[PDB]
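A.B. asks: here is my input, please return the structure:
(chains A and B)
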Amino acid sequence: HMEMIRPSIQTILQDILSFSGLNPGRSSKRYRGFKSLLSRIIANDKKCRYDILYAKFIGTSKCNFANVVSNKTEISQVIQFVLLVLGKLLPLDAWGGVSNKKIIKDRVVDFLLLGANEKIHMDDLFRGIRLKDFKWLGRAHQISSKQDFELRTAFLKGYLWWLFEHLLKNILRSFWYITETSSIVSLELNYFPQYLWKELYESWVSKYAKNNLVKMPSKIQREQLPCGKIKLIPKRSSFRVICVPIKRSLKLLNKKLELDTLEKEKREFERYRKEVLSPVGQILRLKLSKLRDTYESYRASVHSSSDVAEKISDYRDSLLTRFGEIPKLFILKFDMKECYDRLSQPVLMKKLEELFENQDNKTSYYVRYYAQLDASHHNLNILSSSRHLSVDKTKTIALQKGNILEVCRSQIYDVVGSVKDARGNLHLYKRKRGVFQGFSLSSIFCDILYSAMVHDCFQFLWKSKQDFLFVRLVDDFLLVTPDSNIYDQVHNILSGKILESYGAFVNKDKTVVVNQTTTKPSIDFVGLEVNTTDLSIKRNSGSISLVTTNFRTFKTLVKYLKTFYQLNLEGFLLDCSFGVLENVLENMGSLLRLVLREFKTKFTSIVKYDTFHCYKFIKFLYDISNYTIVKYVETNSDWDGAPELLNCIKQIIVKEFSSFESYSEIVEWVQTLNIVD
RNA sequence: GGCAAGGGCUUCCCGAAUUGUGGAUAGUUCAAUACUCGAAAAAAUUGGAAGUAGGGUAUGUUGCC
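C.D. replies: Numbering: from 1, shown residues only, chains lettered A, B, ... in the order given. And now the structure:
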């Protein structure tokens, strides 16, 4: 009853022996001391009454249903509670003495703060720990030979791995349901108390199932259909419902499979995704590409936040060249509520069939995936030979129209999600509305449907009928035009139900309006702060540095930072408008200062074991500073301020790097940088 | 590198019953393991399409002439 260490001593020991690559003999006596330590820890485990320990330390509260995300317990308090659990579980011997106990406790806080697929290399996490203080690593307390030292070194690393990978993780799951937030700017995790989560889950899913789901009988499990697992993701104040496809079939689920059937089901899972599902996604993405090339109405739909900024920058330059100045623009920002949930399944089906109505019933499309071209709408090496490309090979897949349409409707209708109740009995639900979020084809389905919707419902726009800007990223819409007659027509059909034929319901409350009367200083459409009456954009504070994950060397750090700076310094940020450098130099300064000090922060941690090469870093500074100037002159096509922009770069570099003895070389070099002669 | 210890691995047995400071026999080898930088010819540009010599870092490296 509520015990952290479920596995037995033998199973635990075999888990670390396999990890460390150790294969002891049947007569080995080295691990006698460890078997004793485990028994003491398990004795402390059973003696602990964690239920009252949680109430004492954390405290029990009533389930909040108004703000469903308030139930989460702060990570700071979570870290302290597990540190209390570890102190009762692990004797001093398990910590490796006083000095190691301080280091190990410090590393636990580091591990718990990572979140969202962040990892710390075990060479970093387990560094500075005195191996000598771990007496139980061998039957003798003293190290005598090198074979003994190597063997104890492997065992200690395996033991430390079990503490963090098995023990620490199983403590978190016992008390908290750990899940990722729906946000993309912040990759922090939410720790909802386990008893509170079951109340939130049962409440939300039961209400959701009333409008979106249809309960299935137990004998639906015997059918082979797409099967996922219903989970909840809190965005900031409510829950998003997604479905994660399970790596097995409906019949074999819940749960028994152990005798290598779990692996062959997983080999069939990855096969179905790579042989039919992903090939279908390519074809469906390709069919939408042709409609983008053909119709200007399909070209209004973009597939990235970067395209939105460029579309606005193109419209700004259109008014600029045509009129010399930006007139009073009528802006219309609206979005669709529950876009994926409300989708009209039958209308989606017919729009997918219209992609193949031009061709015959058996067209036999050929697909052969290569990461160099999946979504485009540098040295690829194919033609294997006896000199250049010398069981899971790359092969061309042939899918006919009939099969493509059959698997499409299967991913729309036949998908079934499972819900395990309190007792354990699973409840299988089919969907009464649009596709489940989390399935590979659900994204492209909404793209084709909504891009078809904008085509025919807004056909008045594409009749010339010119001088307007309509853009739909995924579900948020934006319209900018000086024509008032265009403003009224789009607003008129938003007050109607013409869009309700599709799974599109306008979010009436979140519709932002800027017109001749309602004059607002600026509008945030998607992660961008578009300034009204000049169409100058500046990115909202919605992007953080990934650096922590997997980067532990100067080479890999500057490699990402270089590719990160050049990827975030896109065209729409360098626009000058012939008078304004401030909107550029301090827009660039934000990205520049944040990437430079991010390098300084990781510097002190990784310089302890790595070797810093100043000349290589100066080349990195030169590459990004050159890229900034060439991209500034490219976008504006004229440079009234290019020397001023470089002067800003140098001042930033000379400021951030005037503290350390090794940064001195940077300061002297950067001041010599200049474009003009 | 010589001498003196002691040890690791491998094998057998005695205890325990998810609670080992127990005994014995032969073989083997006892200072490095991991990580990160990284040269020198005829010049670059580059290190994952996975790098020597030689460095740095963490954990370590018996007493005695």
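A.B. asks: what is the distance between stretch A:115-123 and the centre of its chain?
C.D. replies: A distance of 15 Å separates the centroid of the chain from that of stretch A:115-123, by Cα atoms, centre = their mean, to the nearest Å.
A.B. asks: touching RNA strand B at all, that stretch?
C.D. replies: Yes: contact between stretch A:115-123 and RNA strand B is present through residue A:123 (criterion: Cβ under 7 Å from any atom of the strand). C-betas here are computed from N, CA, C, even on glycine.
A.B. asks: so what touches stretch A:118-127?
C.D. replies: Surrounding stretch A:118-127, the residues in contact under the criterion Cβ atoms under 8 Å, 6 or more residues apart in numbering are A:107, A:110-111, A:114, A:157, A:160-161, A:164, A:187, A:548-550, A:552.
A.B. asks: all the helices of the stretch 351-500 of chain A, in order from the start?
C.D. replies: With helices called from DSSP state H, counting those that start in this stretch, the stretch 351-500 of chain A shows them at A:401-409, A:440-457, A:484-494.
A.B. asks: who touches residue A:186 in this structure?
C.D. replies: residue A:544.
A.B. asks: re the thing from before, now the helices of the stretch 351-500 of chain A as a markdown table including distance to RNA strand B and mean neighbour count?
C.D. replies: Output for the helices of the stretch 351-500 of chain A, formatted as a markdown table (distance: least, Cβ to the nearest atom of the strand, whole Å; neighbours: other Cβ atoms under 10 Å):
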| stretch | distance to RNA strand B | mean neighbour count |
| --- | --- | --- |
| helix A:401-409 | 32 | 17 |
| helix A:440-457 | 25 | 20 |
| helix A:484-494 | 48 | 15 |
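A.B. asks: closest to residue A:84 out of those helices?
C.D. replies: Nearest to residue A:84 among those is helix A:440-457; the distance by Cβ to Cβ comes to 42.9 Å.
A.B. asks: for that closest one, packing partners?
C.D. replies: Secondary-structure packing of helix A:440-457 (3 or more Cβ pairs under 8 Å, 6 or more residues apart in numbering; DSSP states H and E): helix A:278-294, helix A:339-342, helix A:345-354, strand A:469-472.
A.B. asks: and the angle from it to helix A:345-354?
C.D. replies: Computed by axes from the mean of the first three to the mean of the last three Cα atoms, to 10 degrees, the angle separating helix A:440-457 from helix A:345-354 equals 80 degrees.
A.B. asks: how far off centre is helix A:440-457?
C.D. replies: In this view, helix A:440-457 has its centroid 23 Å away from the chain centroid, taken as Cα atoms, centre = their mean.
A.B. asks: how many residues are close by the nearest residue to residue A:544 once chain neighbours are set aside?
C.D. replies: Once flanking residues are discounted, residue A:544 sits nearest to residue A:185: 6.2 Å by Cβ to Cβ, 6 or more residues apart in numbering. Residues near residue A:185, counting by other Cβ atoms under 10 Å, number 12.
A.B. asks: for residue A:76, see how far away residue A:185 is.
C.D. replies: Here the criterion is Cβ to Cβ, to the nearest Å. By it, residue A:185 lies 21 Å from residue A:76.
A.B. asks: what does residue A:522 give?
C.D. replies: Counting by Cβ to Cβ, the gap between residue A:522 and residue A:76 amounts to 35 Å.
A.B. asks: tell me which of those two has more neighbours.
C.D. replies: Between residue A:522 and residue A:76, counted using other Cβ under 10 Å, residue A:522 has the larger neighbour count: 15 against 10.
A.B. asks: mind listing what that one touches?
C.D. replies: By Cβ under 8 Å, 6+ apart, the neighbours of residue A:522 are A:529, A:530, A:531, A:532.
A.B. asks: repeat the analysis, applying 10 Å as the threshold.
C.D. replies: Applying Cβ atoms under 10 Å, 6 or more residues apart in numbering to residue A:522 gives the contacts A:514, A:528, A:529, A:530, A:531, A:532, A:533, A:534, A:536, A:537, A:538.
A.B. asks: can you narrow the contacts of stretch A:118-127 to ones near RNA strand B?
C.D. replies: Counting by Cβ under 7 Å from any atom of the strand, residue A:552 from the contacts of stretch A:118-127 sit close to RNA strand B.
A.B. asks: closest to residue A:8 out of the contacts of stretch A:118-127?
C.D. replies: Distance from residue A:8 was checked for each of these by Cβ to Cβ. The minimum falls on residue A:161, at 18.4 Å.
A.B. asks: the closest one and residue A:82, how far apart?
C.D. replies: According to Cβ to Cβ, residue A:161 and residue A:82 sit 17 Å apart.
A.B. asks: neighbour-wise, which of those two wins?
C.D. replies: When neighbours are counted by other Cβ under 10 Å, residue A:161 and residue A:82 differ, and residue A:82 comes out ahead with 20 against 17.
A.B. asks: skipping its backbone neighbours, what lies nearest the more buried one in space?
C.D. replies: With Cβ to Cβ, 6+ apart as the measure, residue A:171 is the residue that lies nearest to residue A:82, at 5.3 Å, once sequence neighbours are left out.
A.B. asks: and for the one you found, the neighbour number?
C.D. replies: Other residues within reach of residue A:171 by the criterion other Cβ under 10 Å amount to 18.
A.B. asks: contacting residues around it?
C.D. replies: The contact partners of residue A:171, by Cβ under 10 Å, 6+ apart, come to A:4, A:5, A:50, A:81, A:82, A:85, A:86, A:89.
A.B. asks: which SSE is it in?
C.D. replies: When elements are defined using DSSP states H and E, residue A:171 is found to belong to helix A:169-175.
A.B. asks: buried stuff in whatever helix or strand comes next after that helix?
C.D. replies: From helix A:169-175 onward toward the C-terminus, using DSSP H and E, the following helix or strand is strand A:176-180. Neighbour-count burial for strand A:176-180 flags A:176, A:177, A:178, A:179 (criterion: 16 or more other Cβ atoms under 10 Å).
A.B. asks: list just the nearest of those to RNA strand B.
C.D. replies: Distances from those to RNA strand B were compared by Cβ to the nearest atom of the strand; the smallest belongs to residue A:176, at 23.8 Å.
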